[PDB]
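Participant: Here it is: the structure, laid out below.
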There are 2 protein chains.
Amino acid sequence: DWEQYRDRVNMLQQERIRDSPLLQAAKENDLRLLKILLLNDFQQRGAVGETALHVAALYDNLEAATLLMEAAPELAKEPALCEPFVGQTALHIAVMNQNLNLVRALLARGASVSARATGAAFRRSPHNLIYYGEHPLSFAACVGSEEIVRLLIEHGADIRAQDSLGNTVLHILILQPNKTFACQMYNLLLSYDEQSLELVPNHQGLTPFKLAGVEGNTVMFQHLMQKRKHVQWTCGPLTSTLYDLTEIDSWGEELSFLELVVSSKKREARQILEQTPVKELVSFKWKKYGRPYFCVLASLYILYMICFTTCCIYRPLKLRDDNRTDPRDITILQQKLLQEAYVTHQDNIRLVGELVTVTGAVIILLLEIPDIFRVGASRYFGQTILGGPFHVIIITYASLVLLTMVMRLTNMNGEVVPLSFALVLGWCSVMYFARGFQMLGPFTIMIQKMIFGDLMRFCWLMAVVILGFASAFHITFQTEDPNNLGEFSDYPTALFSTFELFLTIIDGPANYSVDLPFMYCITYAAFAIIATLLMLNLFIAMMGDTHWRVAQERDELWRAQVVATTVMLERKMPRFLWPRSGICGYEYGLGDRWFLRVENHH
Amino acid sequence: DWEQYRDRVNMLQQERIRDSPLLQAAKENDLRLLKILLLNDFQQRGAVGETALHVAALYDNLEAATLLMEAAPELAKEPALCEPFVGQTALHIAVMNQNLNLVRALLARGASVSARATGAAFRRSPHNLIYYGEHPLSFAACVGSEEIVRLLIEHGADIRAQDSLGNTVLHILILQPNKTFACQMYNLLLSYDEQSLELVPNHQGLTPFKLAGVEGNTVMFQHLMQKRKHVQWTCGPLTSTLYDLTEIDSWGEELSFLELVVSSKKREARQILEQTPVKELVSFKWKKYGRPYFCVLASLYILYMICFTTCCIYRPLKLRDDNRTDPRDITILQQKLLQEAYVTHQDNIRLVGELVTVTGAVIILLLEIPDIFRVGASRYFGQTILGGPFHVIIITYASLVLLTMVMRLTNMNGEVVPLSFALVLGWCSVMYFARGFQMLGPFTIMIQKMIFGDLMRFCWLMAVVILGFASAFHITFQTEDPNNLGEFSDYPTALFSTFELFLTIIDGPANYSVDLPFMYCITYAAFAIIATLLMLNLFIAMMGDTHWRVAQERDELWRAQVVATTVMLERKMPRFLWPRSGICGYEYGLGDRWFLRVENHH
Ligand SMILES: CC(C)[C@@H](C)/C=C/[C@@H](C)[C@H]1CC[C@H]2C3=CC=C4C[C@@H](O)CC[C@]4(C)[C@H]3CC[C@]12C
Ligand SMILES: CC(C)[C@@H](C)/C=C/[C@@H](C)[C@H]1CC[C@H]2C3=CC=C4C[C@@H](O)CC[C@]4(C)[C@H]3CC[C@]12C
Ligand SMILES: CC(C)[C@@H](C)/C=C/[C@@H](C)[C@H]1CC[C@H]2C3=CC=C4C[C@@H](O)CC[C@]4(C)[C@H]3CC[C@]12C
Ligand SMILES: CC(C)[C@@H](C)/C=C/[C@@H](C)[C@H]1CC[C@H]2C3=CC=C4C[C@@H](O)CC[C@]4(C)[C@H]3CC[C@]12C
């Protein structure tokens, strides 16, 4: 376990500090015994691998630290050695504690300004509570001190230093939860930059602009957009602003800014889409091109669904050759063969309809299966922003249509099974296009939240109630005639009848001409009290609570779904139908950049 | 597109400012190169059509503006020429920026005080963020400056100047969203008025009083009612106020104040009906005359509905001459002819009842069809204040009754179709009279909001669910005997049965004497989980959320419906049954005005 190993490391470090007298005197700033010991091994290390100067920097002992840098000047260069803190120097712990004079004394003794703390306690992990980087400059930028940052820069710290994750100091500053003073430190560190430091990619390929978009740092995004705007004029309450769309539109890039924002796992990333360039950019993209193309694609999919349904209704069936020996058997028709089916003109119309259906199912798999590999199977099917479960049911519908096609070509009986699954899933996949409308999109998201929410727990306890009462009903009617009351004659029939009686979609089985057992009456009274009266209306109460508790999240989810649909439509549709958004700067002498003009009222 | 043209105009204006050195020096207030250029074309124009003095007034450059009015005194008279800003002078941009000394210097050089900015960026449009008028006096009244208003008036600006929309400066002041300081500017501009400026109509025929009523400017209405009130006395906590009803009652006018207020498309116009004269005026009108007349009209309509229903029940039917050849055919009666029907005394009673029904349907079309033309088909049927959908179903009911009348006179079979539509619509039109009661009016409005709200989206996804499961059920029972389970024998029958099974108004089809396919069991279990359990109760949860989220709007909608019903009853009923409201001033020597007395407690 990671917690037990870190706990053992911490108590071992404290124990080896306690056993060593030099480490103890560096811990509680005991000057007298320090002078006695330094007058009388100075490079002894603890369990972490740290020196006594590390202990003095850890416990904020300035006098003790100056004492052992006077006695041992080389002690200000050695880092810790063992795994959880390897690379940590005394400069790192002095910078973390914001001790200005200790940092000055360490830099006077020869502390490295580019020491890399590559330990496991400094990586960006859920194990670590903080992620301040690996360099002392990143640590000083993240603790919140200006003066140690200027001191480290004037002593020769690399501003463009990258850690093991590839993050520069700008990336680590953006990854902080302060979100307000990090802009001041960003301005301070950009003052010393004058390629740019703002265009140095991450190991994930992210600029600091793209990292601020992904992590949902809205204040940092607004601060970054100040340097990319230009106020054209201000006339009274009206002002015209010219936002740069180079980093935002990301034309020609395989992974754009908006694609990374709408496919981010953070809940705060959807608030980037409501900012001052981005909201009107995606609104213009949706109003001018996204909505009509989504509407005609929805119309084409509805026509394709109508064609598939009409091919399902007119499927080839012949009269059953085998006689109905069993009285309970009611099958009078059976499937036709390959040569027996397509012999008429209506069969040729159904043939071209089925060819259109198979062509549409192949086209569906040519558009979805590449999209799993570009993003990932966890994000393509798990993110409701991109249309997660809808892609699952669409891929399943295409697979079932191809299974029915090879069933037809192989002449296997039982086409009704994949045709029924394909019909239900393909028709329920038309709700994917509901996200393009304000009337239906939030309701579809609420359906998605209720299916994976209240319905799952309700069905989980419903299985228990239905199993118990179905077993009780089946053992109650195990001694009676199944002709007079056949709801509980067989145990699967008892389970189905009890499920239907819970949902009250069938009547309570009562035959007044005969004498039912009293155990059925008592068990069904309890079933009607607990299942019908209590549980079926408690589901309505629970969904009524959960409906108003997630309505705001539902609206923001729908807005981000509209933006992600716009991004998907711009990525997949041809370029000649999706012109580049914004105003071209080459027509007006502003270089090769594209801008978006916003006129606001203050 | 209007946004792209305005964006191109703005970037072209900035580009032509950037290319020209005179426009550039007027932009960033470069005095040195300005003196060099003026010592060395001065009337050059940009893309907008503006001079360099326009640029100096736009970028608030006082010294630059004084420089080119010293060099070119005629430059302070030329307006912009091209379409989006035609008529805009430098005085307009100086007034917009609230530059007092620049306005003084322009007026010293000979700037026109009555320049009309007839461009497309100054009209009252949703394209423009502001509507400040076309004259510099309206601009100075709307930016919020007293001093430039007094300066422009003392320099000879017309206070009664009207723009292309016909609005005076009072109208444009009322159309501002400040709503508090606009009263101070209204008092300032009325101080210089002393026909009155307050009685100058709009091109829509509106006074500033009527414009404040239409736009829902409640603070401006309260400020306007201070000049039309008169405190008779004040005795302790009791004070008696005498409000003038000349502008409010609008006796003799075809388009009154209250009719314009209740038929306004703004949501804030319904708050005018709660103000200090208007609320008690419409309350006295409703309590004294509106409620009893509405009650007796509702009673007459209920009696007419009873007569029409009784004529529908006793309709002439004869025994079917053709034999029932088809076993499924159950039609045993058919319609009588014209000469065959009215042969008895009960047939004569039904004849006079049907004549009363046709007379009522003709009277209905004589009262509604004129009212569409006076207001408009979008507002008569779209505004729930006036009874929008109720007029639609009433006109449809009258049309269906006349269609049944010509069907009877033409002897066409199939009267049951328009008689069924007419019965349902005419009986559901009795809910129009529910607005006169506190118990039923808000509930009727909530029904209207739920029909066009949650029910529409629920039915839109319900069509998808029912279509998919109906197709699955029909292909499941395509091979079985239709005698033992005929719910899904035909595809329209499968669609109807699946809709009924979703709403659980029929039982789940189960025949325990025969063996149903397992695909029906799996598909119906999924149908009962998704449609019956999830969706049918999620509709209740969604309507429970939407009920409490619009309840206040429901109450205000009902109050405005009561006021609009009072206005309609006063307009349509004869004058001898609706006496003029208020206290006549001729009986007490106060001229020919009518007043309403309000006694309040402070
Ligand atoms: C007998 C078979 C056909 C079984 C497996 C039935 C499955 C259907 C009824 C279920 C399986 C997964 C379901 C499902 C998953 C997720 C969503 C997203 C939501 O926003 C709209 C509804 C929607 C689309 C629903 C509709 C109902 C579906 C499609
Ligand atoms: C608890 C949740 C997950 C819901 C969906 C479960 C419902 C159970 C009670 C339902 C769903 C599918 C049903 C079902 C499907 C098909 C058949 C085949 C039929 O010839 C005998 C009954 C039988 C075996 C029934 C029994 C009851 C089942 C198992
Ligand atoms: C088979 C036919 C008769 C079809 C078309 C039925 C239509 C009826 C049921 C529908 C059509 C329009 C509906 C309708 C529209 C608007 C309103 C306003 C609301 O505040 C009260 C209910 C009311 C009055 C409802 C009642 C139900 C009506 C009248
Ligand atoms: C989705 C919303 C808008 C609601 C109202 C739609 C409901 C559908 C499922 C209903 C409404 C009217 C129904 C309907 C009306 C009349 C007939 C004639 C009958 O001889 C065969 C069934 C048939 C054809 C059914 C089929 C199911 C329909 C089409």
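Heads up, chain B uses Swiss-Prot numbers, so what you see runs 28-67, 71-224, 230-637.
Structure determined by electron microscopy, 3.0 Å.
Placement of Cβ uses the backbone N, Cα and C atoms for every residue, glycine included.
Found this in Swiss-Prot, in case it helps:
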- B:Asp542: Ca(2+) binding site (BINDING)
- B:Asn358: N-linked glycosylation site (CARBOHYD)
- B:524-544: intramembrane segment (INTRAMEM)
- B:239-268: repeat 'ANK 6' (REPEAT)
- B:349-385: topological domain 'Extracellular' (TOPO_DOM)
- B:443-448: topological domain 'Extracellular' (TOPO_DOM)
- B:328-348: transmembrane segment (TRANSMEM)
- B:386-408: transmembrane segment (TRANSMEM)
- B:420-442: transmembrane segment (TRANSMEM)
- B:449-469: transmembrane segment (TRANSMEM)
- B:493-513: transmembrane segment (TRANSMEM)
- B:557-577: transmembrane segment (TRANSMEM)
Participant: Check for me, if you would, whether the transmembrane segment (B:449-469) reaches the transmembrane segment (B:328-348) - at least 3 Cβ pairs under 8 Å, residues 6 or more apart in sequence.
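Facilitator: Answer yes: the transmembrane segment (B:449-469) meets the transmembrane segment (B:328-348) with 3 or more Cβ pairs below 8 Å.
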Participant: What is the interatomic distance between the Cα atoms of B:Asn358 (N-linked glycosylation site) and B:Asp542 (Ca(2+) binding site), given in whole Å?
Facilitator: 34
Participant: Using DSSP, how many residues in the repeat 'ANK 6' (B:239-268) fall into helix, strand and coil?
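Facilitator: Going through the repeat 'ANK 6' (B:239-268) residue by residue, I get 15 helix, 3 strand, 12 coil.
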Participant: With a Cβ cut-off under 8 Å, give me the same-chain residues at least six positions beyond the ends of the transmembrane segment (B:386-408) that come close to it.
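Facilitator: Distant contacts of the transmembrane segment (B:386-408): 339, 342-343, 345-346, 377, 415, 426, 429-430, 432-434, 436-437, 440, 443, 607.
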Participant: What is the number of other Cβ atoms found within 10 Å of the Cβ of the residue listed as 'N-linked glycosylation site'?
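Facilitator: Here the count is 7.
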Participant: State the count of C-beta atoms found within 10 angstroms of the C-beta of B:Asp542 (Ca(2+) binding site), not counting that atom itself.
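Facilitator: Here the count is 14.
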Participant: For the topological domain 'Extracellular' (B:349-385), give me same-chain residues lying six or more residues beyond its boundaries with a C-beta closer than 8 angstroms to one of its C-beta atoms, as numbers and ranges.
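Facilitator: Distal contacts: 443-444, 446, 448, 450, 454.
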Participant: For the topological domain 'Extracellular' (B:443-448), give the DSSP counts of helix residues, strand residues and coil residues.
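Facilitator: Per DSSP, the residues of the topological domain 'Extracellular' (B:443-448) fall into 3 helix, 0 strand, 3 coil.
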Participant: So which residues does the topological domain 'Extracellular' (B:443-448) touch in its own chain, when a touch means Cβ under 8 Å and the partner is 6 or more beyond its ends?
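Facilitator: Long-range Cβ neighbours of the topological domain 'Extracellular' (B:443-448): 369-370, 372-373, 389.
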Participant: Helix, strand or coil: which one is B:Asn358 (N-linked glycosylation site) in, per DSSP?
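Facilitator: For B:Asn358 (N-linked glycosylation site) - judged by DSSP and reduced to three states - the answer is coil.
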Participant: Mind checking how the topological domain 'Extracellular' (B:349-385) divides into helix, strand and coil residues in DSSP?
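Facilitator: Summed by class, the stretch gives 10 helix, 6 strand, 21 coil.
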